[PDB]
Amino acid sequence: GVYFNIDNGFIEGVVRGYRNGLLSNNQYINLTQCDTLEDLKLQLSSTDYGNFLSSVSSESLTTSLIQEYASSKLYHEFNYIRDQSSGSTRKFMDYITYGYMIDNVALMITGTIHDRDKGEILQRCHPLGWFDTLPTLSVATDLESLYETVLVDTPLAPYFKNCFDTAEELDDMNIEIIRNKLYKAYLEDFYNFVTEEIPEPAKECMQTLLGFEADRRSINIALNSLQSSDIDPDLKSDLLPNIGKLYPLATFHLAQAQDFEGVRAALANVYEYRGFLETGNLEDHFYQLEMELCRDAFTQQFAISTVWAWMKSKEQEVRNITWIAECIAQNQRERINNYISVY
Amino acid sequence: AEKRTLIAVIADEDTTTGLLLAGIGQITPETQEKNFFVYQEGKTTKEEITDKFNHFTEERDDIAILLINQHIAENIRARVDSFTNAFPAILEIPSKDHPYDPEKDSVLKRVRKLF
Amino acid sequence: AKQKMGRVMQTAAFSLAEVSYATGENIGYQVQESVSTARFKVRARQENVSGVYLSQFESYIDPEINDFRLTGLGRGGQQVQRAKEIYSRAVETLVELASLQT
Amino acid sequence: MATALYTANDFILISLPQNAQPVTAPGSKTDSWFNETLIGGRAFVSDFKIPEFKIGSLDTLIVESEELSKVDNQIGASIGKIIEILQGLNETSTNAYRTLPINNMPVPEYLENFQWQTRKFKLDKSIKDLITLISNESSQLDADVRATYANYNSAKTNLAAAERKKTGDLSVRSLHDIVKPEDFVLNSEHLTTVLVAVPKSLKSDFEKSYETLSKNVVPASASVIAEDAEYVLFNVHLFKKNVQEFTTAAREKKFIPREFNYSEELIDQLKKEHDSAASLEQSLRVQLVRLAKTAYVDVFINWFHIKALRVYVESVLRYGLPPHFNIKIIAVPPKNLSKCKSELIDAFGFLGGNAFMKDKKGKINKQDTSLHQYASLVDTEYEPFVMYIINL
Numbered sequence: 003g004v005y006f007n008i009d010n011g012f013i014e015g016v017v018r019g020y021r022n023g024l025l026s027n028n029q030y031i032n033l034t035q036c037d038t039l040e041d042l043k044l045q046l047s048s049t050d051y052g053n054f055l056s057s058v059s060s061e062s063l064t065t066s067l068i069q070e071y072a073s074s075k076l077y078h079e080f081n082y083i084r085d086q087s088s089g090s091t092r093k094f095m096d097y098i099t100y101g102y103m104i105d106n107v108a109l110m111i112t113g114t115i116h117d118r119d120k121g122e123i124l125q126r127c128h129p130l131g132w133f134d135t136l137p138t139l140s141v142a143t144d145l146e147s148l149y150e151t152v153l154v155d156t157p158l159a160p161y162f163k164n165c166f167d168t169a170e171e172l173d174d175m176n177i178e179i180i181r182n183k184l185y186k187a188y189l190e191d192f193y194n195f196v197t198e199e200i201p202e203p204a205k206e207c208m209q210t211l212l213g214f215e216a217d218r219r220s221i222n223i224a225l226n227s228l229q230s231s232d233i234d235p236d237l238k239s240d241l242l243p244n245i246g247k248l249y250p251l252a253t254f255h256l257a258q259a260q261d262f263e264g265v266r267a268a269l270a271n272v273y274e275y276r277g278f279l280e281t282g283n284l285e286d287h288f289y290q291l292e293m294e295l296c297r298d299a300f301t302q303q304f305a306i307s308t309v310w311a312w313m314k315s316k317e318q319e320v321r322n323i324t325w326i327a328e329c330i331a332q333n334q335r336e337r338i339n340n341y342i343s344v345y
Numbered sequence: 002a003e004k005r006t007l008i009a010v011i012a013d014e015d016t017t018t019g020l021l022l023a024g025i026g027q028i029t030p031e032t033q034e035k036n037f038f039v040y041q042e043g044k045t046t047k048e049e050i051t052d053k054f055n056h057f058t059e060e061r062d063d064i065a066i067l068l069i070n071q072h073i074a075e076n077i078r079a080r081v082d083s084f085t086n087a088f089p090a091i092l093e094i095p096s097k098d099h100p101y102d103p104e105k106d107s108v109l110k111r112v113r114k115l116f
Numbered sequence: 053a054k055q056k057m058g059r060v061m062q063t064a065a066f067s068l069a070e071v072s073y074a075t076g077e078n079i080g081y082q083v084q085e086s087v088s089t090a091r092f093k094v095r096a097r098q099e100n101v102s103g104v105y106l107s108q109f110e111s112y113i114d115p116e117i118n119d120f121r122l123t124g125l126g127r128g129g130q131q132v133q134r135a136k137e138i139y140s141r142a143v144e145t146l147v148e149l150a151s152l153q154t
Numbered sequence: 001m002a003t004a005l006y007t008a009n010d011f012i013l014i015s016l017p018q019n020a021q022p023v024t025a026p027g028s029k030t031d032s033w034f035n036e037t038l039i040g041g042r043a044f045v046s047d048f049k050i051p052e053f054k055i056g057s058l059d060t061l062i063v064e065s066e067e068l069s070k071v072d073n074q075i076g077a078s079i080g081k082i083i084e085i086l087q088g089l090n091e092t093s094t095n096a097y098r099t100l101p102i103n104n105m106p107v108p109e110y111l112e113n114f115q116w117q118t119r120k121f122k123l124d125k126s127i128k129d130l131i132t133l134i135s136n137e138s139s140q141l142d143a144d145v146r147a148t149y150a151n152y153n154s155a156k157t158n159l160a161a162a163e164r165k166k167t168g169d170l171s172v173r174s175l176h177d178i179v180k181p182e183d184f185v186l187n188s189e190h191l192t193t194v195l196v197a198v199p200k201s202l203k204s205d206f207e208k209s210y211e212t213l214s215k216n217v218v219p220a221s222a223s224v225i226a227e228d229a230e231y232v233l234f235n236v237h238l239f240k241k242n243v244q245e246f247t248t249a250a251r252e253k254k255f256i257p258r259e260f261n262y263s264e265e266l267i268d269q270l271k272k273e274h275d276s277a278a279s280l281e282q283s284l285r286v287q288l289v290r291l292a293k294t295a296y297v298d299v300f301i302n303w304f305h306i307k308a309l310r311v312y313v314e315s316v317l318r319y320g321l322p323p324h325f326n327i328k329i330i331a332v333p334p335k336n337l338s339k340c341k342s343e344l345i346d347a348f349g350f351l352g353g354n355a356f357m358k359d360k361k362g363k364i365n366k367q368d369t370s371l372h373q374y375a376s377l378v379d380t381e382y383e384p385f386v387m388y389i390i391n392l
């Protein structure tokens, strides 16, 4: 914390200011009391969202347009913080967007197998994961002619190290394999970047926030492989990241997990993930643990992990606002308090 | 008789995705054509709904039930009213963001005459 | 039965809309590409109601496909898997009700 | 404002009882105060008293206020669209289309003779239907200007697309301004012509190899009929069986074949496609500028109708006795609006309520939760006296 504020003095204090706009529990209870999407817009206008839906005017206001604009101002705030970044900070900001570039690659090359139009499969793409040759993934079908033509000049190029193209072009079954393997190599590279060049207070609390991403992705790969996959464990172990808290003993048992109990008995030996697969919504368990790991990353001051802990908390805020606005527009209020608020 | 086992969809994009998750349409193996028509508001043609309705009702006889959103059915009303058979069945079910409205329903018009 | 079907479709339809915006991508394109069999099919049968035989449908679920091979969207992927579970049940209500219409 | 006026002024419409008095500087007649006192005597005060309307009931009065508010925003919206379409077209003046004198007669001056204009609106009619007529008129006009522009934008895309087909890059261009029977054929029985767009680097390689690329090629036919800065356009005449082999050999070599036929219908259709797109855009263009202009004036008179009626309706509903109100429209010279509004709030606000008059200079606007609200929809603070502010 003695050399932090040279290049990161202005960057943190604005992100710390962006943290104070996170909605508290009372500001969520005041949103669950709304009756109309217009009343929810006017309730959000008193927060730090104020007049972000001003160009809508009560007629074209749907519950997806709120999720569009509330996330769009997240993305513009992220771009403003990234434009003032330099050196290792700017590289850290780029490494965050690489994981959205991977999702936009895997969403762009499924819109060409199904022959859906290129102008409408790109408005569903993520704005932070934009690289200049992203629309040109609609030129080929197989993996080799999409790597060697487009994805060499991208920063996703070192991540195609284990994607074995056996000259089968593309179905929907192997694009998910390529997606999981790119995200695996990306989690490896970004963990080594955090361990290598990020300073020490923003190292230990970022290795945990990133090992949680690896553990959640390992459990989701090892649990989605039951229903819509029939694969060997030696080919399944190339999809599980090896940086996390869960790797050396439990991802082996998640690799040969043929049943739901093969996952549950594997996650019963790890201490902080046991009980997730017993009761309740599992996705809510992962989002709750994500927010509890992002809350105590703001409590360490001179850290660049506050950017990660801010944007994941602000994404959870946009998800909670989207869930509430979905509840108060479809007139279902049995689970309106299913939001996640640690702030 | 038992020769019809397919459900065709005429529905808005989000509704057709849902029905398809459940699995009721497909890409036929004898003709290479969907048993679904994906529609979007203000971005697809009035003529295309017409072609799809005819295709599933009269130029297909392996469709058991054709589900159709009332709102979409309305666009192509002449064609919905004019198909009067029960093989395949034509069933208007309430569209998205609309409850039951009796004024868009082809079958209820038929029932009025005689009881 | 028209209202019952309207509702069952609408409540499911909205959940599907929510799942799509929250994860961060449009799923419906990928789902259309993966499907090339129809899981829920029907068997025709004649039931005598009054003098005349009417046509009835009884749905049967055939295990061609279980879900679809597209989910792997990390954390956001659980929202899509659950969305299918809620819809498979909704569609079935529509189908049994749909038989009466015929 | 300073660019959204060029011969207008900005206006405050207020209504007070004929018993109202100023407490800014007591002892003064309301009429005298507006002229002498309000911002250094610079205030131009004009009459705006509109006669009675039938009113059916107390319940119905409430419902009237609801309609006046929504429509008035809707009409404001409709003017926003019309002005946006004129700028879009590239109609900008120094005294129009961003100010626009109502019917080519200054704006403060129009309001001075706006004593309830009649265009199909009658002062002995029922209030409700008139509100509906004014709103219907504007809406129809709004659909008209929008619909015509849509067709204008679409028409422009056809012209642009077509300009590349008549001369541009070779990937959508084949000649059809000119047609000769020794550069193009397809109305033979044995002969056809296929055009090959060959990159300028590859050009010398095309002249050497073309004969050999397929069998039975017309000797010495390869010449540059057209040229740009990326690709060159060639004619080669050959035997009809060879046409498939020829195209195919060529794409491998990395020359790129350009589909053309000496079919008359296609040649005639390409020229016509360009001409017709232009003809269409031109017709739409005149019609659209005229329509926007006519629409503008009408939408403006309707807007001023709503505001005048909305201040009368509000005034009777809050004040009660006396039956007749003293209504004025005060033209504020530019950028002194705030200081003007403050001198009024302090002068007249006392009538509304002793605690309900706060000092405010500039429109205070609140919209945060149900603890702060400001609008005619819902409010929890507002103007204590009846005031609407009109800005162009």
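Chains as they are written, first to last, in PDB author numbering: chain d, 3 to 345; chain N, 2 to 116; chain M, 53 to 154; chain O, 1 to 392. Cβ atoms here follow ideal geometry from the backbone N, Cα and C, with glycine treated the same way.
- [ ] Thinking residue 104/d and residue 158/d are a contact (beta carbons under 8 Å), I'd like their distance in whole angstroms, please.
- [x] 6 Å
Open item on the list: Counting only beta-carbon separations shorter than 9 Å, does residue 211/d have a partner in chain O?
Closed with: no
Open item on the list: When you compare the CB of residue 368/O with every CB in chain d, is at least one pair closer than 9 Å?
Closed with: yes
- [ ] Out of 115/O, 49/O, 171/O, 84/O, point me to the one whose CA is closest to residue 259/O's CA.
- [x] 171/O
- [ ] Going by DSSP, name the residue or residues bridged to residue 93/M.
- [x] 112/M
Open item on the list: Taking CB distances under 9 Å as the criterion, tell me whether residue 371/O reaches chain d.
Closed with: yes
- [ ] Could you list the residues in the stretch 30 to 62 of chain d with a C-beta less than 7 Å from some C-beta on chain O, going in chain order?
- [x] 32, 44, 45, 47, 48
Open item on the list: Alpha carbons only, please: which of 5/d, 37/d, 75/d, 99/d is nearest the one belonging to residue 310/d?
Closed with: 99/d
Task: Cutoff 9 Å: residue 231/d Cβ touching any chain M Cβ - done: yes
Task: Extent of the continuous alpha helix (DSSP H) run through residue 99/d - done: 90 to 110
Open item on the list: Since residue 121/M and residue 175/d should fall inside the 8 Å C-beta cutoff, what is the C-beta to C-beta distance between them, to a whole number of angstroms?
Closed with: 5 Å
TODO: State the Cα-Cα distance for the pair residue 114/M and residue 92/M, rounded to the nearest angstrom.
DONE: 6 Å
Task: Length of the line joining the Cα atoms of residue 139/O and residue 55/O - done: 25 Å
Open item on the list: Strictly under 9 Å for the Cβ-Cβ distance: is residue 394/O near chain d by that measure?
Closed with: Chain O is shown only over 1 to 392; residue 394/O falls outside these bounds and no answer can be derived.
Task: Spatial distance of residue 339/d from residue 33/d (CA atoms) - done: 10 Å
TODO: Would you kindly work out how many angstroms separate the C-alpha atoms of residue 207/O and residue 197/O, rounded to a whole number?
DONE: 12 Å
- [ ] Out of 263/O, 274/O, 209/O, state which residue places its alpha-carbon closest to the alpha-carbon of residue 252/O.
- [x] 209/O
TODO: Out of 108/N, 87/N, 72/N, point me to the one whose CA is closest to residue 97/N's CA.
DONE: 72/N
Task: Cβ pair residue 106/O, residue 8/O closer than 9 Å - done: yes
Task: Between the CA atoms of residue 78/O and residue 116/O - distance to the nearest angstrom - done: 21 Å
- [ ] Return helix, strand or coil for residue 337/d, following the three-state DSSP convention.
- [x] coil
- [ ] Starting from residue 289/O, follow the alpha helix (DSSP H) in both directions and report where the run begins and ends.
- [x] 264 to 319
Open item on the list: At a CB distance below 9 Å, what residues from the stretch 106 to 130 of chain d approach chain M? Give them in sequence order.
Closed with: 106, 108, 109, 112, 113, 115, 116, 117, 118, 122, 123, 125, 126, 127, 128
Task: Closer than 9 Å to chain d by CB, residue 110/M - done: no
TODO: Can you say whether residue 240/O is buried or exposed, counting buried as having 16 or more other CB atoms within 10 angstroms of its CB?
DONE: exposed
Task: chain N contacts made by the stretch 54 to 82 of chain M, where a contact means CB separation under 7 Å - done: 54, 55, 57, 58, 61, 62, 64, 65, 68, 69, 79, 80
Open item on the list: To the nearest angstrom, how far is the alpha carbon of residue 301/d from that of residue 203/d?
Closed with: 11 Å
Task: Assigned exposure category for residue 12/d - 16 Cβ within 10 Å defines buried - done: exposed
- [ ] Please name the residue, chosen from 328/O, 231/O, 235/O, that lies closest to residue 184/O on a Cα-to-Cα basis.
- [x] 235/O
- [ ] Please report the residue range of the alpha helix (DSSP H) in which residue 387/O lies.
- [x] From DSSP, residue 387/O is part of no alpha helix (DSSP H) but of the beta strand (DSSP E) over 387 to 390.
- [ ] Spatial neighbours of residue 53/O within its chain, please: CB distance less than 6 Å, with the 5 preceding and 5 following residues excluded, ordered by chain position.
- [x] 127
Open item on the list: Looking only at its chain, what residues have a beta carbon closer than 7 Å to the beta carbon of residue 384/O, apart from the 5 residues adjacent to it on each side?
Closed with: 349, 352, 353, 356, 357
Task: Proximity of residue 83/d and residue 152/d at Cβ, strictly below 9 Å - done: no
TODO: Give a yes or no on contact between the stretch 214 to 224 of chain O and the stretch 172 to 181 of chain O, applying the rule of three or more CB pairs nearer than 8 Å.
DONE: no
TODO: For the stretch 107 to 131 of chain M, enumerate the residues whose C-beta is nearer than 8 Å to any C-beta of chain d, in chain order.
DONE: 118, 119, 120, 121, 122, 123, 124, 125, 126, 127, 129, 130, 131
- [ ] Check the Cβ-Cβ distances between residue 150/O and every residue of chain d, and say whether any is below 9 Å.
- [x] no
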